[PDB]
Amino acid sequence: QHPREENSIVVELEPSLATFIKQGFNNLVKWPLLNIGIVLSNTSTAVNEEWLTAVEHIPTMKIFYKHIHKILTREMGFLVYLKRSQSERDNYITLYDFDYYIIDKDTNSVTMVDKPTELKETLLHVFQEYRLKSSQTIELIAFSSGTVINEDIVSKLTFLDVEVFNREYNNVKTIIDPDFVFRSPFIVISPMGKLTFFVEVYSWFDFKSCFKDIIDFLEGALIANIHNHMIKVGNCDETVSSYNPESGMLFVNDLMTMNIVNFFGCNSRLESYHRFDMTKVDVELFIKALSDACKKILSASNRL
Amino acid sequence: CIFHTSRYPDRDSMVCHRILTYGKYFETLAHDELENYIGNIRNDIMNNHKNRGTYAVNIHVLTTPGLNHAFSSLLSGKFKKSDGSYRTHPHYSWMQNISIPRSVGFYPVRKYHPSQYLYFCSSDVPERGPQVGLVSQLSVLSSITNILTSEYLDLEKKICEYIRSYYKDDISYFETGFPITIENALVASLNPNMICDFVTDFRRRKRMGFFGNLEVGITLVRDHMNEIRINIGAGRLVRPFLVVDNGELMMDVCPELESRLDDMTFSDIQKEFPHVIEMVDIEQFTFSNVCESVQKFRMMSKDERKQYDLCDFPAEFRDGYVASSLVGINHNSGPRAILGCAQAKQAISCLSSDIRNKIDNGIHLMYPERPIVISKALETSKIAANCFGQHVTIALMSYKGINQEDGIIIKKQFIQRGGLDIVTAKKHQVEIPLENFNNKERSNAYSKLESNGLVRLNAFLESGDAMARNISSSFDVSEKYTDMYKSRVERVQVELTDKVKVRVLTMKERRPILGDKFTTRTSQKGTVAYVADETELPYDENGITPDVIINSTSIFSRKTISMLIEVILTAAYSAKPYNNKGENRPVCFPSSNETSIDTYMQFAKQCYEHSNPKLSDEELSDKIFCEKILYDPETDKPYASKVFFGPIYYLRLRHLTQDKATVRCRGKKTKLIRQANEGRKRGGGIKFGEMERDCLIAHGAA
Amino acid sequence: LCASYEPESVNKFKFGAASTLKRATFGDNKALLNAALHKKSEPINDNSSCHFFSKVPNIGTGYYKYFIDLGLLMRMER
Amino acid sequence: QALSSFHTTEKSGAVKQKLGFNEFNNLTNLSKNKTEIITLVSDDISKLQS
Amino acid sequence: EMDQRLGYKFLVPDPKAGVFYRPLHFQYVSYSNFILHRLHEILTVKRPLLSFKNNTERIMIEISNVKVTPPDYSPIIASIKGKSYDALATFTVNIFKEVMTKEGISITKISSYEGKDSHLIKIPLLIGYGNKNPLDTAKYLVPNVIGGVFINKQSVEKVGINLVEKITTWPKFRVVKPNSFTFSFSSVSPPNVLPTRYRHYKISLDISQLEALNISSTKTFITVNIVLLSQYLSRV
Amino acid sequence: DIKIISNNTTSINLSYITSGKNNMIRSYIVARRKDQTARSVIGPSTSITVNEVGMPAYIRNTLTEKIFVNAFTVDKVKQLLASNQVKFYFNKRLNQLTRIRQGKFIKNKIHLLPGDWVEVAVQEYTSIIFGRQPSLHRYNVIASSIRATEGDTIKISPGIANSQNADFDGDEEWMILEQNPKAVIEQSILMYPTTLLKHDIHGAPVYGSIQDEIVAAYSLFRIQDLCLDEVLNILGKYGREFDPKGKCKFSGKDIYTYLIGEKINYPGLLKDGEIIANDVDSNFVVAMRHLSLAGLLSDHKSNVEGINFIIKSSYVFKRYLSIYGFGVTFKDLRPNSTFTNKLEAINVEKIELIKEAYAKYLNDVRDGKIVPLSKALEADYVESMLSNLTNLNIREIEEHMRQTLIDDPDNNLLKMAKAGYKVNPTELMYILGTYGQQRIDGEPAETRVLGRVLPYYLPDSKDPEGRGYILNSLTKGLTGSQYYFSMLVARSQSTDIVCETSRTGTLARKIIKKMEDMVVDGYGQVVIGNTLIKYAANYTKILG
Amino acid sequence: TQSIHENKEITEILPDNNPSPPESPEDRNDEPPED
Amino acid sequence: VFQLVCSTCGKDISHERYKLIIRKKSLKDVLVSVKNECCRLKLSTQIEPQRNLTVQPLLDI
Ligand SMILES: [Mg+2]
Ligand SMILES: [Zn+2]
């Protein structure tokens, strides 16, 4: 078999419920990117921007798979550090040449994590011809999107030279964008009630446990959001979904309301008026259906 | 010519002109400067003799030959009555290094004369401005001749000896014969009854290397002017042609050539199989009978075949190297071909191997890809190897009525991951008096400077920062950075002399934003109208969302048919990208195609059948035609009908929004009239012209 | 074009009593010299003449003349 | 109309008045001492034949 | 499909003929022919300047010892440092009077100058394929570089086009006025004649005046009837 | 004036001010550069109506607007000064301008009195003047309300694109801000887009729908079986007032009747507020068309109603596109090779027939059997035969369109044809049929050396293909020689475009200068200077 | 398309392609007399 | 040869890239495990540009 295998998980559900789950997953499950990047030294043949844009999208979940939950709740961060020079043999850079650290985010502890050996067979950059007289080296560090760079965290970087880091960070800090940057861990769709996950399975860890952690996080968040959903029962301001009992008309203007009412017989779009009886909505029934769907999803995942 | 004017070569015909190359400029300047030098020496000696005695030669007149200023002016862009021979290289694209040195310029004629066909590219000409119809591009098979003086003399001697030896008794008619000229110099007069033989035997001997030169031109003019012309001089346009001899295509009577071709070069073919190919110049071409294609030749009867002297190569060899970047131009409207040639030279590429060394302006592509639906010329010239775009997934549909009038939709995650990312690099230069540079006083504009008075490496400069200390003595008089976007300092070079010279190279990466400009290889250009999130885009059954959405109507109203064929072939390649031997196999779709659409469809069908042997007829048809069902992400339901959907090589153009934006609140004035000054880099104001004034009066707003 | 007793081209001002500044704006390049030679005295009504002296053209809202009646203000007492 | 090539030139055997920008410019110029196109219309053809 | 293969054969390089990159080949040679051969022929001159008495007393100017050398740094160094990329050419000049004597040739020197160590001539040099110039016969090629540019004094890259010559190879016909025509042509010396000589001629024919069918020029030839001139030249 | 004696026109002297086109008057007096101005690339926006314009942040953060000091505004000015929001102050009594630098400025120098003003950052719904060059007519320069938008581009509604002759492939537009109170009132009334709705001469609306919207309109009128939920999904935010009288199924005609909320008649289009034509096409919804619905609504009440209809109908058309989609595919054009093969065979046969007939005539003339024709008559006969062949191709294409419509009623390309947007039998003939004769100055290309155009044909050739009759279609692909004639036509067109661009501007300026001073007087008459040009302005003494 | 009031139709004249906006600039007797 | 994910769909392609560029396996063998059209194109057509060594020092006086 291969180090990486592409797989699919398919489940059949009520169309509105499948859409609800898909949109919830895309809105709530956010894996941070390595967009806080500082180049400390660069005498290679590639400019800083190429290195930084490439490193921003390292697939890090296959390394930090033991800390998924806390990473998804943003109680824990991570960083990567690279320092590599030309060599006579193996004159290239793999993902095994990095060092990976986890950040507690409460005590600001920085701790090293284990590296799978399969990472030795990945490729990032190939050096030019080796010349002893001249130098050809790269050194850089990158933090995940939500991290705050202050003296407290900097004091823990005992593997670096703090003066160089301070200088280069002061150089680059102005172009780092301030908002949170993330990716979706895998691809999720639901064409006509057919909920499908396109995922990648690696040889060195069990994918089912990681999938279960993600699904549990999603289910908890979705139930919490459902419990706190309110529909204004006054007049329509054309900005939020609302219900007029005088006319008995519902103005649908958000996705959760759309999916819930469609689950109970409506056929609405995202900015539309409809004649719907609000007494037909039963939140507990919807929550029970969601829980059953999550159990079914986990069962489908188990049979890979 | 008095009685039949239209049958005599026109003054705008290429038959009566020759072309100057790089070395000829230098040769002419050397000639003129040497003559001026000798003239000045003579005048000085004469004046010295007139005033003084002994014929004394003054010094300071025999130490300045004047070649230095002549050459400097030449490179500056002045040459006799022309001012366009040389220019500063604009570093837009790699292919420009081919495009510009293969251009031919004409003195101020704008109509497309027939004599330009087959030797110049039909579609590569300026589309607007003062140069419209005045600059042409050589075809990939055309060349301009060179020859040395000694070679010239030897060739002329051999030709004259041949004439005087093999035709001793029939070269002194002078009353009813055909005059024979070499470079317009009359040397004999041939008996009319023997004209044909003389030409045929000549050409044969030309192809065997008898005269020591394979590019000699011989023309037989017979309408009623009755001349035989021989041309050997430099500056002539020449191409290879297939030989037809006595109604017989020689290529078809050389069985060994087919087996031996793979191991031979062009000169080997000329040496070992003469009479298969002949080098022909434009004047000889204009007076010959040439069959347009081998296929057309094979369909004629022998008597018909006997009327022809040459046969032509396929049409793809009649385009230039720039037009060879396009696909299937003969399946589209011609105006689109002109536009496509214009915008191909503005596509961002792997400009230079010295990106980190050269201190110059430039734009560089970041994660390049090599095109795989190409022509042979694009491969031999190395334009393909240096890349000018990326393969992206497109859909042809209307997206909520947003992508209208050439606007496009682009995906946010595609941009985030590096899709069609570029880097712009700029050069800055200043000269400073030594006292000002060493002057010891911190102004707010010096925040990026080091203790040595120079900007720090890897710092980002803003719109008010200085690059080097320049104080006039207690006032700051330094130049300032004046771009609306920041840039990183990549390199600094300093020269210390009576003055201080500082050169700085800066770089900035520029991910696509609203207003940036893109295009395809069929001239479908547009700007970014909306950046859409991945969750807002329609998707197919495999979960794929398009990177770019283009409105479909413009494909059919402008009749750019070859875009659809390009998408079909790119998908076919993606299904099966390798040979039976497992080697990477590009697909050949030349400009001036000549291959049927049905053959391409069959090739695509074979690729898909190799990929997945078990496909239904409907699925196979959908794959061949690149049609898919897409789903609305808001409701997860299919659209009414299937959508054209697939990959294509997409180009980014050098027109960026933040390079054009301008705004002024208040600023400097001109001294004489006391009105707002001009210049984007100097904070000038926009001009309110008199046509705008007309409009305001038409509104009645006094 | 036929406002006078004879047709007149669009390239010239022959029969119309166009002012000197109007002709100069049109592009005569000798109108001022000839006007000085003939001692011409002219009113200021054309759009070009109004633009030259920063006056409001007699177009649209500018076709009328505006006054202020202070009668009611002066009949009010503090 | 000029910039879109709206008007297409045609060949004719008899004197005609052309369309497009050039003819409008000629009309506004009002140049003298040039030939003019004169049209004769009748219901008796002998007068025209002479 | 044999014609397509033969066409492809022209586009690829031909090492046996010295063609390493077809698209720009003709330009390379064009410059190589000038710097290596034609410059020497133009400069190497030995000409009279003035004559006295009767072809026995004349001043003569001679130029010889023409040498051209390339720079000592690569074009990338020239770009970085801000220098220029020029070859250096030097030559020696002699001015001497000659008196023709029955005993043979008498030579009396007047002046002599040399440029052995001086920027006597600076000639911009063509970078060429692989950042390799025709003067330097090195053995290293920078990959993915095709050249075709110059670097000027201010370290700015320059590039040029080709131009159509003013002199035509066929006579020009023109209708001067109704039943009055002209036919103008030019004549130029062969390449091996220094300095080059030019002549421009015009033939005029007017139906009203057939006796004045005249060939003429400007201050270089007589105005004569072309038929009578042909009789004079050919004796027919 | 050095030109009195010499002939050089480069020296500077007194006359330089009135030398040529670069006069001082026409470069600095009737035109000039201005302070509060901007320019940028444009893009579309569906959140902006025809009455509005979107301004990028980098412009909002530089341009400034004026607040005059008087009894009504003094407290607001004091608050703005306290909040560090004032950028400039002007003392009118001393004619002095002061710039309030952040962290450094003068307090005692600011004593606000009536007639002074302050300048702050420009605010939303302030009017601004903007346009696209060249400014050929009135609608290229208009005043609109500012809305804050994202990016660095200026955003316009596609509803005004036609009136400015604008598209989104790199066009730029310019802005100016004028804040004198009289100018503000004039901008708010006279230059507002709602006031400009109806064209001055022919009276049709100058704003409307474009491109795929047209097809949407055509489709919306034809959809038949809809439940109330689907109707309301289409109507979106305009569905609040929809009245489902007693029905359960609805048609597109019902939607159109609701959109036209008025019971009016017009021969042809309308009867009691309902469309009675067979279909809705370009002439109903596009700008500058003679059957516009917005035009009828404006005639009935006022321009406000017309502008409202334009906004609402555009919104619903785009919602239809969002729900159902639209796109043309390659299969719509060429499902298989049957029809193209048939037409190609027809052309191959007919051209050979024509050549044989011509050869027979030439052979008869070459002998003593008939007197030859004139050159002109011979050319006319050959041209007639070739034109007949082209007309045969046209008829074949029309029959094919009809048959395809019968067999495949939902063909999107034929939908474009039916709705009246860019597709017709001639264009389809070019794609699938034949190209036909190429002409320069109304004639085929002239012969030049041996009585021929290219050496692919024998001397004195009589082959029509050798003089620009192209047999192939675009799907087949043109040959090299055919491509020559095609490019001849294309390049001649481009060159003529440049020359005409040069000449038309000169003529236009002369005419504008000549007619500039002709106005309507106070009695409805047309006068220039002191001369009466016409008794009744538009024959009616009513607005044109 | 259909015909309703064809005698009052208005014909559209609008170029499809327009030029992109401008950008800032940033004797040997060896010639014919040319009479 | 430099990005670690597909720009179109975001899938990980670093392992196949090592298998292709360093081990020099056949394109068919490499693609055996890659299904999406976009990823196959990226692996088949992406290159690392040709470049010279950087001239040092970067700041020179
Ligand atoms: Mg445009
Ligand atoms: Zn992919």
# chains A, B, ... in the order shown; residues from 1 in each chain; ligands from 1

$ residues_near_ligand --ligand "ligand 1" --cutoff "6 Å" --atoms "only C-alpha atoms and all ligand atoms" --output "PDB file with N, CA and C atoms, in the first residue's frame"
ATOM      1  N   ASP F 167     -17.304  48.638 -20.387  1.00  0.00           N
ATOM      2  CA  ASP F 167     -17.256  47.223 -20.042  1.00  0.00           C
ATOM      3  C   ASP F 167     -16.163  47.025 -18.998  1.00  0.00           C
ATOM      4  N   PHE F 168     -15.938  45.772 -18.603  1.00  0.00           N
ATOM      5  CA  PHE F 168     -15.070  45.493 -17.465  1.00  0.00           C
ATOM      6  C   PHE F 168     -13.854  44.661 -17.851  1.00  0.00           C
ATOM      7  N   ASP F 169     -13.189  45.022 -18.948  1.00  0.00           N
ATOM      8  CA  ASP F 169     -11.944  44.383 -19.353  1.00  0.00           C
ATOM      9  C   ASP F 169     -10.739  45.301 -19.167  1.00  0.00           C
ATOM     10  N   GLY F 170     -10.828  46.267 -18.258  1.00  0.00           N
ATOM     11  CA  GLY F 170      -9.705  47.134 -17.960  1.00  0.00           C
ATOM     12  C   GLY F 170     -10.020  48.613 -18.042  1.00  0.00           C
ATOM     13  N   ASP F 171     -11.290  48.959 -18.227  1.00  0.00           N
ATOM     14  CA  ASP F 171     -11.681  50.358 -18.325  1.00  0.00           C
ATOM     15  C   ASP F 171     -11.418  51.094 -17.015  1.00  0.00           C
TER      16      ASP F 171
ATOM     17  N   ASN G  18     -12.813  48.205 -27.263  1.00  0.00           N
ATOM     18  CA  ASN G  18     -12.275  49.555 -27.245  1.00  0.00           C
ATOM     19  C   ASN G  18     -10.838  49.528 -26.751  1.00  0.00           C
TER      20      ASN G  18
END

$ interface_residues --of "chain F" --to "chain A" --cutoff "10 Å" --atoms "only C-alpha atoms" --output "PDB file with N, CA, C and O atoms, in the first residue's frame"
ATOM      1  N   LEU F 228     -46.641  28.246  -4.939  1.00  0.00           N
ATOM      2  CA  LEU F 228     -46.440  29.555  -4.327  1.00  0.00           C
ATOM      3  C   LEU F 228     -45.018  29.706  -3.798  1.00  0.00           C
ATOM      4  O   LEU F 228     -44.423  30.786  -3.894  1.00  0.00           O
ATOM      5  N   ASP F 229     -44.453  28.633  -3.240  1.00  0.00           N
ATOM      6  CA  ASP F 229     -43.101  28.714  -2.699  1.00  0.00           C
ATOM      7  C   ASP F 229     -42.089  29.061  -3.782  1.00  0.00           C
ATOM      8  O   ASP F 229     -41.179  29.862  -3.554  1.00  0.00           O
ATOM      9  N   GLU F 230     -42.224  28.466  -4.966  1.00  0.00           N
ATOM     10  CA  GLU F 230     -41.284  28.756  -6.044  1.00  0.00           C
ATOM     11  C   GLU F 230     -41.429  30.191  -6.538  1.00  0.00           C
ATOM     12  O   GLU F 230     -40.427  30.868  -6.808  1.00  0.00           O
ATOM     13  N   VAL F 231     -42.664  30.682  -6.640  1.00  0.00           N
ATOM     14  CA  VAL F 231     -42.880  32.074  -7.022  1.00  0.00           C
ATOM     15  C   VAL F 231     -42.207  33.004  -6.024  1.00  0.00           C
ATOM     16  O   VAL F 231     -41.523  33.962  -6.403  1.00  0.00           O
ATOM     17  N   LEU F 232     -42.389  32.737  -4.731  1.00  0.00           N
ATOM     18  CA  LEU F 232     -41.809  33.612  -3.719  1.00  0.00           C
ATOM     19  C   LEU F 232     -40.290  33.504  -3.682  1.00  0.00           C
ATOM     20  O   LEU F 232     -39.608  34.499  -3.413  1.00  0.00           O
ATOM     21  N   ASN F 233     -39.740  32.321  -3.957  1.00  0.00           N
ATOM     22  CA  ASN F 233     -38.293  32.196  -4.076  1.00  0.00           C
ATOM     23  C   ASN F 233     -37.765  33.056  -5.213  1.00  0.00           C
ATOM     24  O   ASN F 233     -36.722  33.702  -5.079  1.00  0.00           O
ATOM     25  N   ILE F 234     -38.471  33.078  -6.344  1.00  0.00           N
ATOM     26  CA  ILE F 234     -38.056  33.944  -7.446  1.00  0.00           C
ATOM     27  C   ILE F 234     -38.163  35.414  -7.049  1.00  0.00           C
ATOM     28  O   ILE F 234     -37.272  36.215  -7.347  1.00  0.00           O
ATOM     29  N   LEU F 235     -39.251  35.794  -6.375  1.00  0.00           N
ATOM     30  CA  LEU F 235     -39.488  37.212  -6.106  1.00  0.00           C
ATOM     31  C   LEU F 235     -38.562  37.762  -5.027  1.00  0.00           C
ATOM     32  O   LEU F 235     -38.252  38.956  -5.038  1.00  0.00           O
ATOM     33  N   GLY F 236     -38.121  36.932  -4.091  1.00  0.00           N
ATOM     34  CA  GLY F 236     -37.163  37.404  -3.099  1.00  0.00           C
ATOM     35  C   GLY F 236     -37.745  38.488  -2.209  1.00  0.00           C
ATOM     36  O   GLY F 236     -38.855  38.361  -1.686  1.00  0.00           O
ATOM     37  N   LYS F 237     -36.988  39.571  -2.026  1.00  0.00           N
ATOM     38  CA  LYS F 237     -37.386  40.628  -1.103  1.00  0.00           C
ATOM     39  C   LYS F 237     -38.566  41.448  -1.603  1.00  0.00           C
ATOM     40  O   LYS F 237     -39.117  42.234  -0.828  1.00  0.00           O
ATOM     41  N   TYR F 238     -38.962  41.298  -2.863  1.00  0.00           N
ATOM     42  CA  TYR F 238     -40.133  41.973  -3.401  1.00  0.00           C
ATOM     43  C   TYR F 238     -41.393  41.128  -3.304  1.00  0.00           C
ATOM     44  O   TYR F 238     -42.426  41.514  -3.854  1.00  0.00           O
ATOM     45  N   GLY F 239     -41.333  39.986  -2.631  1.00  0.00           N
ATOM     46  CA  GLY F 239     -42.471  39.107  -2.509  1.00  0.00           C
ATOM     47  C   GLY F 239     -43.402  39.394  -1.357  1.00  0.00           C
ATOM     48  O   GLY F 239     -44.374  38.659  -1.171  1.00  0.00           O
ATOM     49  N   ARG F 240     -43.150  40.440  -0.570  1.00  0.00           N
ATOM     50  CA  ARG F 240     -43.996  40.698   0.591  1.00  0.00           C
ATOM     51  C   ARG F 240     -45.421  41.041   0.175  1.00  0.00           C
ATOM     52  O   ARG F 240     -46.382  40.596   0.810  1.00  0.00           O
ATOM     53  N   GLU F 241     -45.580  41.831  -0.882  1.00  0.00           N
ATOM     54  CA  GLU F 241     -46.890  42.318  -1.288  1.00  0.00           C
ATOM     55  C   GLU F 241     -47.567  41.441  -2.331  1.00  0.00           C
ATOM     56  O   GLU F 241     -48.652  41.797  -2.798  1.00  0.00           O
ATOM     57  N   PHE F 242     -46.966  40.319  -2.717  1.00  0.00           N
ATOM     58  CA  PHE F 242     -47.591  39.460  -3.712  1.00  0.00           C
ATOM     59  C   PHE F 242     -48.913  38.922  -3.182  1.00  0.00           C
ATOM     60  O   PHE F 242     -49.027  38.552  -2.012  1.00  0.00           O
ATOM     61  N   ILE F 323     -31.218  30.823  -9.454  1.00  0.00           N
ATOM     62  CA  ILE F 323     -31.957  29.605  -9.136  1.00  0.00           C
ATOM     63  C   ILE F 323     -31.786  28.556 -10.229  1.00  0.00           C
ATOM     64  O   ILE F 323     -31.523  27.386  -9.940  1.00  0.00           O
TER      65      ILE F 323
END

$ residues_near_ligand --ligand "ligand 2" --cutoff "8 Å" --atoms "only C-alpha atoms and all ligand atoms" --output "compact mmCIF listing (two decimals) with C-alpha atoms, in the first residue's frame"
# COMPACT_ATOMS: atom_id res chain seq x y z
CA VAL H 5 -0.82 20.94 -1.84
CA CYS H 6 -2.93 21.12 -4.98
CA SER H 7 -3.99 24.72 -5.62
CA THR H 8 -7.41 23.67 -6.95
CA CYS H 9 -8.64 21.19 -4.32
CA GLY H 10 -6.08 21.40 -1.50
CA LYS H 11 -5.03 17.75 -1.40
CA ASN H 36 -8.45 14.04 -9.36
CA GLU H 37 -7.84 15.74 -12.70
CA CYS H 38 -6.33 18.85 -11.11
CA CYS H 39 -3.81 16.92 -9.00
CA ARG H 40 -2.65 14.83 -11.95
CA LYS H 42 -0.14 19.61 -11.12

$ closest_atom_pairs --of "chain C" --to "chain D" --cutoff "10 Å" --atoms "only C-alpha atoms" --output "CSV"
residue,atom,partner,partner_atom,distance
C:1,CA,D:28,CA,8.5
C:7,CA,D:30,CA,8.0
C:8,CA,D:30,CA,7.4
C:9,CA,D:29,CA,5.4
C:10,CA,D:28,CA,6.1
C:11,CA,D:29,CA,6.9
C:12,CA,D:29,CA,9.6

$ residues_around --residues "residue 162 of chain E" --least-positions-apart "2" --cutoff "9 Å" --atoms "only C-alpha atoms" --output "VMD selection string"
(chain B and resid 19 to 22 85 100 to 105) or (chain E and resid 160 164)

$ atom_distance --atom1 "atom CA of residue 115 of chain A" --atom2 "atom CA of residue 205 of chain A"
11.9 Å

$ residues_around --residues "residue 440 of chain F" --least-positions-apart "3" --cutoff "10 Å" --atoms "only C-alpha atoms" --output "PyMOL selection string"
(chain D and resi 8-10) or (chain F and resi 443-446+468+485+488-489+492-493)

$ write_last_selection --atoms "N, CA and C atoms" --output "compact mmCIF listing (two decimals), in the first residue's frame"
# COMPACT_ATOMS: atom_id res chain seq x y z
N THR D 8 -20.78 49.77 -45.44
CA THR D 8 -19.97 48.95 -46.32
C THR D 8 -19.96 49.55 -47.72
N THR D 9 -18.76 49.74 -48.27
CA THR D 9 -18.64 50.30 -49.61
C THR D 9 -19.24 49.35 -50.64
N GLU D 10 -19.78 49.92 -51.71
CA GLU D 10 -20.39 49.15 -52.78
C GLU D 10 -19.93 49.70 -54.12
N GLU F 443 -14.87 45.43 -53.63
CA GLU F 443 -14.45 44.56 -54.71
C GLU F 443 -13.47 43.53 -54.18
N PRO F 444 -13.29 42.42 -54.89
CA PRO F 444 -12.24 41.46 -54.52
C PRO F 444 -10.85 42.03 -54.76
N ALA F 445 -9.86 41.38 -54.16
CA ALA F 445 -8.49 41.86 -54.23
C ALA F 445 -7.99 41.92 -55.67
N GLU F 446 -7.16 42.92 -55.95
CA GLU F 446 -6.64 43.15 -57.29
C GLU F 446 -5.37 42.34 -57.56
N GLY F 468 -10.34 35.50 -53.35
CA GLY F 468 -10.91 35.79 -52.05
C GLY F 468 -12.26 35.17 -51.73
N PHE F 485 -6.71 36.16 -47.08
CA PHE F 485 -7.77 37.10 -47.42
C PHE F 485 -8.55 37.53 -46.18
N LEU F 488 -6.45 40.06 -44.50
CA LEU F 488 -6.49 41.29 -45.28
C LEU F 488 -7.67 42.15 -44.85
N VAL F 489 -8.86 41.55 -44.79
CA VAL F 489 -10.04 42.30 -44.37
C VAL F 489 -9.87 42.82 -42.95
N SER F 492 -7.26 45.74 -42.68
CA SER F 492 -7.78 46.96 -43.27
C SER F 492 -8.79 47.63 -42.34
N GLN F 493 -9.65 46.83 -41.71
CA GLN F 493 -10.62 47.40 -40.79
C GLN F 493 -9.93 48.13 -39.64

$ select_by_dssp --residues "segment 61-179 of chain B" --states "helix (DSSP H, G or I)" --output "JSON, numbers by chain"
{"B": [67, 68, 69, 70, 71, 72, 73, 74, 75, 76, 96, 97, 98, 99, 114, 115, 116, 149, 150, 151, 152, 153, 154, 155, 156, 157, 158, 159, 160, 161, 162, 163, 164, 165, 166]}

$ residues_around --residues "residue 546 of chain B" --least-positions-apart "2" --cutoff "9 Å" --atoms "only C-alpha atoms" --output "PyMOL selection string"
(chain B and resi 392-395+410-411+534+537-539+544+548-549+645-646) or (chain H and resi 8)

$ closest_atom_pairs --of "chain D" --to "chain G" --cutoff "9 Å" --atoms "only C-alpha atoms" --output "Markdown table"
| residue | atom | partner | partner_atom | distance |
| --- | --- | --- | --- | --- |
| D:1 | CA | G:13 | CA | 6.4 |
| D:3 | CA | G:15 | CA | 7.0 |
| D:4 | CA | G:15 | CA | 5.6 |
| D:6 | CA | G:13 | CA | 8.1 |

$ write_last_selection --atoms "C-alpha atoms" --output "CSV table (one decimal), in the first residue's frame"
chain,number,residue,atom,x,y,z
D,1,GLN,CA,-21.0,54.3,-36.9
D,3,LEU,CA,-15.7,53.1,-35.5
D,4,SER,CA,-17.8,50.0,-35.9
D,6,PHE,CA,-21.3,50.0,-40.0

$ residues_around --residues "residue 349 of chain B" --least-positions-apart "4" --cutoff "6 Å" --atoms "only C-alpha atoms" --output "compact mmCIF listing (two decimals) with N, CA and C atoms, in the first residue's frame"
# COMPACT_ATOMS: atom_id res chain seq x y z
N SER B 93 8.40 40.00 -20.68
CA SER B 93 8.31 38.56 -20.83
C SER B 93 9.63 38.01 -21.35
N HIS B 364 7.83 38.46 -12.19
CA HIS B 364 8.22 37.05 -12.20
C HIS B 364 7.08 36.17 -11.71
N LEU B 365 6.87 35.05 -12.39
CA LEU B 365 5.86 34.07 -12.02
C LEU B 365 6.40 33.13 -10.94
N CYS B 387 7.73 28.94 -19.38
CA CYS B 387 6.41 29.02 -18.76
C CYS B 387 5.79 30.41 -18.84
N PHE B 388 4.48 30.49 -19.09
CA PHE B 388 3.78 31.77 -19.06
C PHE B 388 2.35 31.64 -18.52

$ residues_around --residues "residue 127 of chain A" --least-positions-apart "6" --cutoff "10 Å" --atoms "only C-alpha atoms" --output "number ranges by chain"
A: 44-46, 85-87, 90-93, 136-137; H: 53
